>>> print(open('start.pdb').read())   # PDB, C-alpha atoms and all ligand atoms
ATOM      1  CA  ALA A   1       0.000   0.000   0.000
ATOM      2  CA  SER A   2       3.045   2.362   0.284
ATOM      3  CA  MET A   3       3.755   4.827  -2.533
ATOM      4  CA  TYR A   4       6.649   6.831  -3.906
ATOM      5  CA  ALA A   5       6.165   9.599  -6.469
ATOM      6  CA  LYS A   6       8.715  11.554  -8.458
ATOM      7  CA  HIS A   7       8.614  15.229  -9.304
ATOM      8  CA  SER A   8       7.541  16.116 -12.864
ATOM      9  CA  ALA A   9       6.716  19.480 -14.431
ATOM     10  CA  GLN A  10       3.856  17.858 -16.321
ATOM     11  CA  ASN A  11       0.264  16.953 -15.445
ATOM     12  CA  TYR A  12      -0.578  19.733 -13.021
ATOM     13  CA  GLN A  13      -4.272  19.849 -13.830
ATOM     14  CA  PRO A  14      -6.841  22.677 -13.921
ATOM     15  CA  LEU A  15      -8.856  23.110 -10.729
ATOM     16  CA  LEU A  16      -9.955  26.788 -10.641
ATOM     17  CA  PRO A  17      -8.819  29.812 -12.681
ATOM     18  CA  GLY A  18      -5.160  30.320 -11.882
ATOM     19  CA  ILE A  19      -4.930  27.202  -9.694
ATOM     20  CA  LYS A  20      -3.486  23.899 -10.927
ATOM     21  CA  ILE A  21      -3.440  20.744  -8.810
ATOM     22  CA  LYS A  22      -1.659  17.394  -8.746
ATOM     23  CA  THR A  23      -2.304  14.636  -6.240
ATOM     24  CA  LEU A  24       1.184  13.305  -5.493
ATOM     25  CA  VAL A  25       0.518  10.242  -3.287
ATOM     26  CA  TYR A  26      -2.145   9.002  -0.922
ATOM     27  CA  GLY A  27      -2.757   6.367   1.724
ATOM     28  CA  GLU A  28      -5.313   4.948   4.154
ATOM     29  CA  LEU A  29      -5.591   8.103   6.287
ATOM     30  CA  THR A  30      -4.152  10.934   4.186
ATOM     31  CA  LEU A  31      -3.834  12.332   0.669
ATOM     32  CA  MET A  32      -1.126  14.744  -0.515
ATOM     33  CA  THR A  33      -1.598  17.411  -3.223
ATOM     34  CA  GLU A  34       0.635  20.068  -4.719
ATOM     35  CA  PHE A  35      -1.078  23.344  -5.722
ATOM     36  CA  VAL A  36       0.554  25.599  -8.326
ATOM     37  CA  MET A  37      -0.972  29.051  -8.156
ATOM     38  CA  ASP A  38      -0.569  32.036 -10.467
ATOM     39  CA  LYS A  39       0.082  35.555  -9.168
ATOM     40  CA  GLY A  40      -3.190  37.446  -8.740
ATOM     41  CA  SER A  41      -5.418  34.354  -8.609
ATOM     42  CA  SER A  42      -7.621  33.524  -5.619
ATOM     43  CA  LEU A  43      -9.336  30.682  -3.936
ATOM     44  CA  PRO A  44     -12.944  31.437  -3.140
ATOM     45  CA  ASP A  45     -14.347  30.776   0.296
ATOM     46  CA  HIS A  46     -15.152  27.119   0.759
ATOM     47  CA  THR A  47     -15.505  24.423   3.396
ATOM     48  CA  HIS A  48     -14.972  20.675   3.175
ATOM     49  CA  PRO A  49     -15.068  17.759   5.642
ATOM     50  CA  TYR A  50     -11.280  17.194   5.551
ATOM     51  CA  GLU A  51      -8.590  18.705   7.711
ATOM     52  CA  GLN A  52      -6.128  20.502   5.423
ATOM     53  CA  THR A  53      -2.517  21.096   6.517
ATOM     54  CA  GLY A  54      -0.076  22.789   4.195
ATOM     55  CA  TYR A  55       3.431  24.086   3.635
ATOM     56  CA  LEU A  56       4.351  26.900   1.231
ATOM     57  CA  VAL A  57       7.222  25.671  -0.955
ATOM     58  CA  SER A  58       7.470  28.979  -2.819
ATOM     59  CA  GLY A  59       5.843  32.340  -3.355
ATOM     60  CA  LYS A  60       3.575  34.439  -1.190
ATOM     61  CA  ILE A  61      -0.121  34.266  -0.332
ATOM     62  CA  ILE A  62      -2.694  35.707   2.099
ATOM     63  CA  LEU A  63      -4.477  32.840   3.795
ATOM     64  CA  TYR A  64      -7.820  33.560   5.423
ATOM     65  CA  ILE A  65      -9.105  31.035   7.966
ATOM     66  CA  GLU A  66     -12.477  31.944   9.429
ATOM     67  CA  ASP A  67     -11.905  35.490  10.736
ATOM     68  CA  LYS A  68      -8.070  35.389  10.717
ATOM     69  CA  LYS A  69      -5.824  36.615   7.915
ATOM     70  CA  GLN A  70      -2.094  35.942   7.610
ATOM     71  CA  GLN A  71       0.556  36.607   4.999
ATOM     72  CA  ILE A  72       2.341  33.369   4.186
ATOM     73  CA  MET A  73       5.866  33.106   2.699
ATOM     74  CA  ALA A  74       8.100  30.145   1.777
ATOM     75  CA  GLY A  75       8.500  27.639   4.652
ATOM     76  CA  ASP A  76       5.413  28.829   6.498
ATOM     77  CA  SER A  77       2.726  26.299   7.302
ATOM     78  CA  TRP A  78      -0.905  26.024   8.382
ATOM     79  CA  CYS A  79      -3.571  23.651   9.607
ATOM     80  CA  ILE A  80      -7.251  24.202   8.720
ATOM     81  CA  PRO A  81      -9.675  21.946  10.649
ATOM     82  CA  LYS A  82     -12.561  20.137   8.981
ATOM     83  CA  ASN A  83     -15.461  22.271   7.724
ATOM     84  CA  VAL A  84     -13.782  25.594   8.636
ATOM     85  CA  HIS A  85     -14.187  28.463   6.123
ATOM     86  CA  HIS A  86     -11.013  29.422   4.309
ATOM     87  CA  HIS A  87      -9.819  31.239   1.194
ATOM     88  CA  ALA A  88      -6.701  32.854  -0.197
ATOM     89  CA  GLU A  89      -5.297  35.644  -2.348
ATOM     90  CA  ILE A  90      -2.202  34.620  -4.333
ATOM     91  CA  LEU A  91       0.278  37.509  -4.307
ATOM     92  CA  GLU A  92       3.142  35.983  -6.296
ATOM     93  CA  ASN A  93       3.453  32.760  -8.263
ATOM     94  CA  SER A  94       3.260  30.185  -5.491
ATOM     95  CA  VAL A  95       3.534  26.455  -4.817
ATOM     96  CA  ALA A  96       2.009  24.752  -1.774
ATOM     97  CA  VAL A  97       2.006  21.123  -0.621
ATOM     98  CA  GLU A  98      -1.168  20.248   1.290
ATOM     99  CA  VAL A  99      -2.228  17.037   2.989
ATOM    100  CA  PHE A 100      -5.871  16.136   3.620
ATOM    101  CA  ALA A 101      -7.239  13.868   6.326
ATOM    102  CA  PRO A 102      -9.195  11.628   6.033
ATOM    103  CA  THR A 103      -8.204  10.527   2.540
ATOM    104  CA  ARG A 104      -9.976  12.965   0.238
ATOM    105  CA  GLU A 105     -11.374  10.454  -2.205
ATOM    106  CA  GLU A 106     -12.561  13.109  -4.666
ATOM    107  CA  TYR A 107      -8.938  14.176  -5.182
ATOM    108  CA  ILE A 108      -7.616  10.733  -6.091
ATOM    109  CA  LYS A 109      -8.707  11.596  -9.664
ATOM    110  CA  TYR A 110      -5.843  14.206  -9.819
ATOM    111  CA  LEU A 111      -3.149  11.610  -9.078
ATOM    112  CA  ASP A 112      -0.330  11.844 -11.631
ATOM    113  CA  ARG A 113       0.136   8.166 -12.331
ATOM    114  CA  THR A 114       3.022   8.735 -14.755
ATOM    115  CA  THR A 115       5.269   9.592 -11.804
ATOM    116  CA  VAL A 116       4.191   7.018  -9.225
ATOM    117  CA  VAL A 117       6.972   4.550  -8.185
TER     118      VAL A 117
ATOM    119  CA  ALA B   1      -8.820  25.689  16.433
ATOM    120  CA  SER B   2      -6.845  26.586  13.217
ATOM    121  CA  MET B   3      -3.086  27.183  13.219
ATOM    122  CA  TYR B   4      -0.505  29.248  11.282
ATOM    123  CA  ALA B   5       3.287  28.984  11.749
ATOM    124  CA  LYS B   6       6.178  31.043  10.399
ATOM    125  CA  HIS B   7       9.434  29.708   9.080
ATOM    126  CA  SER B   8      12.478  29.805  11.337
ATOM    127  CA  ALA B   9      15.910  28.291  10.981
ATOM    128  CA  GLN B  10      16.057  27.866  14.725
ATOM    129  CA  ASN B  11      14.649  25.431  17.301
ATOM    130  CA  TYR B  12      15.056  22.146  15.505
ATOM    131  CA  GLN B  13      15.370  19.374  18.005
ATOM    132  CA  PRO B  14      18.025  16.699  17.852
ATOM    133  CA  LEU B  15      16.397  13.373  17.109
ATOM    134  CA  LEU B  16      19.346  11.204  15.964
ATOM    135  CA  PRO B  17      22.952  11.990  14.933
ATOM    136  CA  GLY B  18      22.645  14.305  11.957
ATOM    137  CA  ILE B  19      18.799  14.320  12.124
ATOM    138  CA  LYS B  20      16.861  17.220  13.616
ATOM    139  CA  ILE B  21      13.107  17.782  13.829
ATOM    140  CA  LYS B  22      10.526  20.459  14.370
ATOM    141  CA  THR B  23       6.753  20.250  14.563
ATOM    142  CA  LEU B  24       5.405  23.054  12.348
ATOM    143  CA  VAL B  25       1.641  22.839  12.985
ATOM    144  CA  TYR B  26      -0.876  20.195  14.004
ATOM    145  CA  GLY B  27      -4.605  19.668  14.110
ATOM    146  CA  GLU B  28      -7.345  17.254  15.113
ATOM    147  CA  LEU B  29      -6.306  14.564  12.611
ATOM    148  CA  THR B  30      -2.755  15.387  11.508
ATOM    149  CA  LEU B  31       0.592  16.717  12.671
ATOM    150  CA  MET B  32       3.177  18.277  10.355
ATOM    151  CA  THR B  33       6.952  18.138  10.915
ATOM    152  CA  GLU B  34      10.038  19.349   9.161
ATOM    153  CA  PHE B  35      13.103  17.048   9.161
ATOM    154  CA  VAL B  36      16.548  18.584   8.651
ATOM    155  CA  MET B  37      19.089  15.945   7.723
ATOM    156  CA  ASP B  38      22.841  16.022   7.325
ATOM    157  CA  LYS B  39      24.826  14.530   4.472
ATOM    158  CA  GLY B  40      26.081  11.085   5.477
ATOM    159  CA  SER B  41      23.583  10.461   8.271
ATOM    160  CA  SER B  42      20.949   7.728   8.310
ATOM    161  CA  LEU B  43      17.723   6.619   9.915
ATOM    162  CA  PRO B  44      17.649   3.002  11.089
ATOM    163  CA  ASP B  45      14.690   0.761  10.429
ATOM    164  CA  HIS B  46      11.636   1.696  12.462
ATOM    165  CA  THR B  47       7.870   1.411  12.405
ATOM    166  CA  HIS B  48       5.145   3.384  14.152
ATOM    167  CA  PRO B  49       1.331   3.330  14.312
ATOM    168  CA  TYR B  50       0.979   6.565  12.307
ATOM    169  CA  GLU B  51       0.717   6.957   8.574
ATOM    170  CA  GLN B  52       3.633   9.090   7.369
ATOM    171  CA  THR B  53       3.418  11.095   4.136
ATOM    172  CA  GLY B  54       6.267  13.316   3.056
ATOM    173  CA  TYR B  55       7.642  15.679   0.440
ATOM    174  CA  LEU B  56      11.362  16.397  -0.082
ATOM    175  CA  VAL B  57      11.936  20.146  -0.116
ATOM    176  CA  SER B  58      15.634  19.784  -0.941
ATOM    177  CA  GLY B  59      18.537  17.362  -1.030
ATOM    178  CA  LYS B  60      18.983  13.679  -1.881
ATOM    179  CA  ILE B  61      18.113  10.600   0.166
ATOM    180  CA  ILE B  62      17.682   6.874  -0.417
ATOM    181  CA  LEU B  63      14.327   5.951   1.100
ATOM    182  CA  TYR B  64      13.718   2.291   1.972
ATOM    183  CA  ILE B  65      10.149   1.049   2.488
ATOM    184  CA  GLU B  66       9.896  -2.678   3.227
ATOM    185  CA  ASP B  67      11.757  -4.324   0.323
ATOM    186  CA  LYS B  68      11.623  -1.233  -1.934
ATOM    187  CA  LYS B  69      14.334   1.361  -2.368
ATOM    188  CA  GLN B  70      14.188   4.666  -4.203
ATOM    189  CA  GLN B  71      16.474   7.691  -4.597
ATOM    190  CA  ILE B  72      14.399  10.744  -3.585
ATOM    191  CA  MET B  73      15.151  14.345  -4.650
ATOM    192  CA  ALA B  74      13.387  17.736  -4.486
ATOM    193  CA  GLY B  75       9.659  17.528  -5.178
ATOM    194  CA  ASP B  76       9.451  13.744  -4.775
ATOM    195  CA  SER B  77       6.964  12.375  -2.242
ATOM    196  CA  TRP B  78       5.991   9.241  -0.361
ATOM    197  CA  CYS B  79       3.280   7.705   1.734
ATOM    198  CA  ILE B  80       4.144   5.020   4.303
ATOM    199  CA  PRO B  81       1.209   3.194   5.934
ATOM    200  CA  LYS B  82       1.039   2.560   9.658
ATOM    201  CA  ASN B  83       3.497  -0.021  11.101
ATOM    202  CA  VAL B  84       5.422  -0.469   7.806
ATOM    203  CA  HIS B  85       9.199  -0.803   7.979
ATOM    204  CA  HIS B  86      11.162   2.129   6.630
ATOM    205  CA  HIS B  87      14.641   3.684   6.826
ATOM    206  CA  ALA B  88      16.780   6.098   4.864
ATOM    207  CA  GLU B  89      20.332   6.971   3.874
ATOM    208  CA  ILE B  90      20.981  10.723   3.615
ATOM    209  CA  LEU B  91      23.298  11.415   0.658
ATOM    210  CA  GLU B  92      23.284  15.208   0.741
ATOM    211  CA  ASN B  93      22.085  17.834   3.175
ATOM    212  CA  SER B  94      18.316  17.381   2.958
ATOM    213  CA  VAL B  95      14.997  18.839   4.115
ATOM    214  CA  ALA B  96      11.681  17.010   4.219
ATOM    215  CA  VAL B  97       8.157  17.997   5.248
ATOM    216  CA  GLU B  98       6.236  15.042   6.716
ATOM    217  CA  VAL B  99       2.669  14.744   7.936
ATOM    218  CA  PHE B 100       1.563  12.075  10.413
ATOM    219  CA  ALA B 101      -1.944  10.783  10.883
ATOM    220  CA  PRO B 102      -3.496  10.507  13.406
ATOM    221  CA  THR B 103      -2.002  13.397  15.325
ATOM    222  CA  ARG B 104       1.320  12.122  16.659
ATOM    223  CA  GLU B 105       0.991  13.175  20.304
ATOM    224  CA  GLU B 106       4.620  12.499  21.180
ATOM    225  CA  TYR B 107       5.645  15.161  18.608
ATOM    226  CA  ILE B 108       3.398  17.986  19.863
ATOM    227  CA  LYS B 109       6.165  19.044  22.258
ATOM    228  CA  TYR B 110       8.543  19.704  19.306
ATOM    229  CA  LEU B 111       6.455  22.664  18.157
ATOM    230  CA  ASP B 112       8.443  25.920  18.093
ATOM    231  CA  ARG B 113       5.998  28.112  19.983
ATOM    232  CA  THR B 114       7.938  31.258  19.037
ATOM    233  CA  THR B 115       6.767  30.792  15.424
ATOM    234  CA  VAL B 116       3.017  30.248  15.997
ATOM    235  CA  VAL B 117       0.878  33.162  14.825
TER     236      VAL B 117
HETATM  237 CU    CU C   1      -9.603  23.648   1.036
HETATM  238 CU    CU C   2       8.935   7.201  10.536
END
>>> encode(input="start.pdb", output="structure tokens", more="lines below")
Ligand SMILES: [Cu+2]
Ligand SMILES: [Cu+2]
Amino acid sequence: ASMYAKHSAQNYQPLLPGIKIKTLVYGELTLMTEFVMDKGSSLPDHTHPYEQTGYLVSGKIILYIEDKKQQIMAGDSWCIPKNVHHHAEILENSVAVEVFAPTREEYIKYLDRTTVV
Amino acid sequence: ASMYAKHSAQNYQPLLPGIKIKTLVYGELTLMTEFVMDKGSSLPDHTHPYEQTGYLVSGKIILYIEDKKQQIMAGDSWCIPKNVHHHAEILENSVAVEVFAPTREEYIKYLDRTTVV
């Protein structure tokens, strides 16, 4: 059931305007995605029944979680509990790695199978 | 409760020779760490009752999972189910972000409270 995946510049897939996604790996309890986000894009306010914990690999965003707002730079991190409202403004081209728990089955369809193993 | 944390080069805790750790954030279902590893160090075989999913921010490691072995570089990722044998050889100075599920209570104390927003 273990997985390895290798980095590739290909197959980051459209999710929302300005936001591309790739599911890297997943398991019994978690699922890992990489989000590639264009400067000036945004994530609209949403909720989902998965805890979402992330790390900014590169760039700069403003991450809104309920009534908090924080500027996020490379190496910063966050944890958003299940069903909590969140959104973001993307200030520079940015890359984030985010892990969902429980496994977010709807995101398995973004798995880049050309780079698994 | 949601959580934000800011990057700091300080307060990594010695875990093994050449291997240091810091808990970045955690939540109800997950806990996120950053592993800073020195060229030439290693992790011996271990297992634990937490799923472990990781992303290599930088460097070069050989990651062993049961009878599999893979060289892992920046942007590669892995998911290791609960109780599965794994170890690693660190070939270059390396940095990994790893998320445990469920929340790994023993690692809460490695949070750097000076970086929590
Ligand atoms: Cu979300
Ligand atoms: Cu481990």
>>> residues_near_ligand(input="start.pdb", ligand="ligand CU 1 (chain C)", cutoff="10 Å", atoms="only C-alpha atoms and all ligand atoms", output="PDB file with C-alpha atoms, keeping the file's coordinate frame")
ATOM      1  CA  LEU A  43      -9.336  30.682  -3.936  1.00  0.00           C
ATOM      2  CA  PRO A  44     -12.944  31.437  -3.140  1.00  0.00           C
ATOM      3  CA  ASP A  45     -14.347  30.776   0.296  1.00  0.00           C
ATOM      4  CA  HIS A  46     -15.152  27.119   0.759  1.00  0.00           C
ATOM      5  CA  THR A  47     -15.505  24.423   3.396  1.00  0.00           C
ATOM      6  CA  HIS A  48     -14.972  20.675   3.175  1.00  0.00           C
ATOM      7  CA  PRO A  49     -15.068  17.759   5.642  1.00  0.00           C
ATOM      8  CA  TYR A  50     -11.280  17.194   5.551  1.00  0.00           C
ATOM      9  CA  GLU A  51      -8.590  18.705   7.711  1.00  0.00           C
ATOM     10  CA  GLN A  52      -6.128  20.502   5.423  1.00  0.00           C
ATOM     11  CA  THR A  53      -2.517  21.096   6.517  1.00  0.00           C
ATOM     12  CA  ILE A  80      -7.251  24.202   8.720  1.00  0.00           C
ATOM     13  CA  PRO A  81      -9.675  21.946  10.649  1.00  0.00           C
ATOM     14  CA  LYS A  82     -12.561  20.137   8.981  1.00  0.00           C
ATOM     15  CA  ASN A  83     -15.461  22.271   7.724  1.00  0.00           C
ATOM     16  CA  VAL A  84     -13.782  25.594   8.636  1.00  0.00           C
ATOM     17  CA  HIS A  85     -14.187  28.463   6.123  1.00  0.00           C
ATOM     18  CA  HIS A  86     -11.013  29.422   4.309  1.00  0.00           C
ATOM     19  CA  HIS A  87      -9.819  31.239   1.194  1.00  0.00           C
ATOM     20  CA  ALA A  88      -6.701  32.854  -0.197  1.00  0.00           C
ATOM     21  CA  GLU A  98      -1.168  20.248   1.290  1.00  0.00           C
ATOM     22  CA  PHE A 100      -5.871  16.136   3.620  1.00  0.00           C
TER      23      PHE A 100
END
>>> interface_residues(input="start.pdb", of="chain A", to="chain B", cutoff="9 Å", atoms="all atoms listed in the file", output="mmCIF file with C-alpha atoms, in the coordinates of the input")
data_model
loop_
_atom_site.group_PDB
_atom_site.id
_atom_site.type_symbol
_atom_site.label_atom_id
_atom_site.label_comp_id
_atom_site.auth_asym_id
_atom_site.auth_seq_id
_atom_site.Cartn_x
_atom_site.Cartn_y
_atom_site.Cartn_z
ATOM 1 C CA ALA A 1 0.000 0.000 0.000
ATOM 2 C CA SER A 2 3.045 2.362 0.284
ATOM 3 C CA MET A 3 3.755 4.827 -2.533
ATOM 4 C CA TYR A 4 6.649 6.831 -3.906
ATOM 5 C CA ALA A 5 6.165 9.599 -6.469
ATOM 6 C CA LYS A 6 8.715 11.554 -8.458
ATOM 7 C CA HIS A 7 8.614 15.229 -9.304
ATOM 8 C CA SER A 8 7.541 16.116 -12.864
ATOM 9 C CA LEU A 24 1.184 13.305 -5.493
ATOM 10 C CA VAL A 25 0.518 10.242 -3.287
ATOM 11 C CA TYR A 26 -2.145 9.002 -0.922
ATOM 12 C CA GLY A 27 -2.757 6.367 1.724
ATOM 13 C CA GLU A 28 -5.313 4.948 4.154
ATOM 14 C CA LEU A 29 -5.591 8.103 6.287
ATOM 15 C CA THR A 30 -4.152 10.934 4.186
ATOM 16 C CA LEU A 31 -3.834 12.332 0.669
ATOM 17 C CA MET A 32 -1.126 14.744 -0.515
ATOM 18 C CA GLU A 51 -8.590 18.705 7.711
ATOM 19 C CA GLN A 52 -6.128 20.502 5.423
ATOM 20 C CA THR A 53 -2.517 21.096 6.517
ATOM 21 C CA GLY A 54 -0.076 22.789 4.195
ATOM 22 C CA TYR A 55 3.431 24.086 3.635
ATOM 23 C CA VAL A 57 7.222 25.671 -0.955
ATOM 24 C CA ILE A 65 -9.105 31.035 7.966
ATOM 25 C CA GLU A 66 -12.477 31.944 9.429
ATOM 26 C CA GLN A 70 -2.094 35.942 7.610
ATOM 27 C CA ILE A 72 2.341 33.369 4.186
ATOM 28 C CA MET A 73 5.866 33.106 2.699
ATOM 29 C CA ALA A 74 8.100 30.145 1.777
ATOM 30 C CA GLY A 75 8.500 27.639 4.652
ATOM 31 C CA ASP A 76 5.413 28.829 6.498
ATOM 32 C CA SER A 77 2.726 26.299 7.302
ATOM 33 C CA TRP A 78 -0.905 26.024 8.382
ATOM 34 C CA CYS A 79 -3.571 23.651 9.607
ATOM 35 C CA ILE A 80 -7.251 24.202 8.720
ATOM 36 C CA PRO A 81 -9.675 21.946 10.649
ATOM 37 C CA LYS A 82 -12.561 20.137 8.981
ATOM 38 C CA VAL A 84 -13.782 25.594 8.636
ATOM 39 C CA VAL A 97 2.006 21.123 -0.621
ATOM 40 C CA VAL A 99 -2.228 17.037 2.989
ATOM 41 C CA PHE A 100 -5.871 16.136 3.620
ATOM 42 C CA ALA A 101 -7.239 13.868 6.326
ATOM 43 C CA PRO A 102 -9.195 11.628 6.033
ATOM 44 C CA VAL A 117 6.972 4.550 -8.185
#
>>> atom_distance(input="start.pdb", atom1="CA of residue 40 (chain B)", atom2="CA of residue 58 (chain B)")
15.0 Å
>>> resolve_selection(input="start.pdb", expression="the PyMOL selection byres (((chain B and resi 39) around 10) and not hetatm)", output="number ranges by chain")
B: 18-19, 37-38, 40-42, 59-61, 89-94
>>> axis_aligned_box(input="start.pdb", around="region 97-108 of chain A", padding_each_side="4 Å", output="lines of an AutoDock Vina configuration file")
center_x = -5.3
center_y = 15.8
center_z = 0.1
size_x = 22.6
size_y = 18.7
size_z = 20.4
>>> closest_residue(input="start.pdb", among="B:62, B:67, B:35, B:110", to="ligand CU 2 (chain C)", atoms="all atoms listed in the file")
B:35
>>> atom_distance(input="start.pdb", atom1="CA of residue 109 (chain B)", atom2="CA of residue 96 (chain A)")
25.0 Å
>>> atom_distance(input="start.pdb", atom1="CA of residue 104 (chain A)", atom2="CA of residue 21 (chain A)")
13.6 Å
>>> resolve_selection(input="start.pdb", expression="the PyMOL selection byres (((chain B and resi 112) around 7) and not hetatm)", output="JSON, numbers by chain")
{"B": [11, 22, 23, 110, 111, 113, 114, 115]}
>>> write_last_selection(input="start.pdb", atoms="C-alpha atoms", output="PDB file, in the frame of the given file")
ATOM      1  CA  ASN B  11      14.649  25.431  17.301  1.00  0.00           C
ATOM      2  CA  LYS B  22      10.526  20.459  14.370  1.00  0.00           C
ATOM      3  CA  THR B  23       6.753  20.250  14.563  1.00  0.00           C
ATOM      4  CA  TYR B 110       8.543  19.704  19.306  1.00  0.00           C
ATOM      5  CA  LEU B 111       6.455  22.664  18.157  1.00  0.00           C
ATOM      6  CA  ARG B 113       5.998  28.112  19.983  1.00  0.00           C
ATOM      7  CA  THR B 114       7.938  31.258  19.037  1.00  0.00           C
ATOM      8  CA  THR B 115       6.767  30.792  15.424  1.00  0.00           C
TER       9      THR B 115
END
>>> closest_residue(input="start.pdb", among="B:64, B:95, B:17, B:10", to="ligand CU 2 (chain C)", atoms="all atoms listed in the file")
B:64
>>> build_atoms(input="start.pdb", residues="region 8-20 of chain B", atoms="N, CA, C and O atoms", output="CSV table (one decimal), keeping the file's coordinate frame")
chain,number,residue,atom,x,y,z
B,8,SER,N,11.3,29.4,10.6
B,8,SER,CA,12.5,29.8,11.3
B,8,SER,C,13.6,28.8,11.2
B,8,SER,O,13.3,27.6,11.1
B,9,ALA,N,14.8,29.2,11.1
B,9,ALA,CA,15.9,28.3,11.0
B,9,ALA,C,16.3,27.8,12.3
B,9,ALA,O,17.2,26.9,12.4
B,10,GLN,N,15.7,28.3,13.4
B,10,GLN,CA,16.1,27.9,14.7
B,10,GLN,C,15.1,26.9,15.4
B,10,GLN,O,14.1,26.6,14.8
B,11,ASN,N,15.5,26.3,16.5
B,11,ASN,CA,14.6,25.4,17.3
B,11,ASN,C,14.3,24.1,16.7
B,11,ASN,O,13.3,23.5,17.0
B,12,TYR,N,15.2,23.5,16.0
B,12,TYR,CA,15.1,22.1,15.5
B,12,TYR,C,15.6,21.3,16.6
B,12,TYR,O,16.7,21.6,17.1
B,13,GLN,N,15.0,20.2,16.9
B,13,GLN,CA,15.4,19.4,18.0
B,13,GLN,C,16.1,18.1,17.6
B,13,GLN,O,15.7,17.4,16.7
B,14,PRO,N,17.2,17.9,18.2
B,14,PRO,CA,18.0,16.7,17.9
B,14,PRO,C,17.2,15.4,18.1
B,14,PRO,O,16.7,15.2,19.1
B,15,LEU,N,17.1,14.6,17.0
B,15,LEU,CA,16.4,13.4,17.1
B,15,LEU,C,17.4,12.2,17.1
B,15,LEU,O,17.3,11.3,17.9
B,16,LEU,N,18.3,12.2,16.1
B,16,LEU,CA,19.3,11.2,16.0
B,16,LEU,C,20.6,11.9,15.4
B,16,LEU,O,20.5,13.1,15.0
B,17,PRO,N,21.8,11.3,15.5
B,17,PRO,CA,23.0,12.0,14.9
B,17,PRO,C,22.7,12.5,13.5
B,17,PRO,O,22.3,11.7,12.7
B,18,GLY,N,22.9,13.8,13.3
B,18,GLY,CA,22.6,14.3,12.0
B,18,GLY,C,21.2,14.6,11.6
B,18,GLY,O,21.0,15.1,10.5
B,19,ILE,N,20.2,14.2,12.4
B,19,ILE,CA,18.8,14.3,12.1
B,19,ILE,C,18.2,15.2,13.2
B,19,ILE,O,18.1,14.8,14.4
B,20,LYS,N,17.6,16.3,12.7
B,20,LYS,CA,16.9,17.2,13.6
B,20,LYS,C,15.4,17.4,13.2
B,20,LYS,O,15.1,17.3,12.0
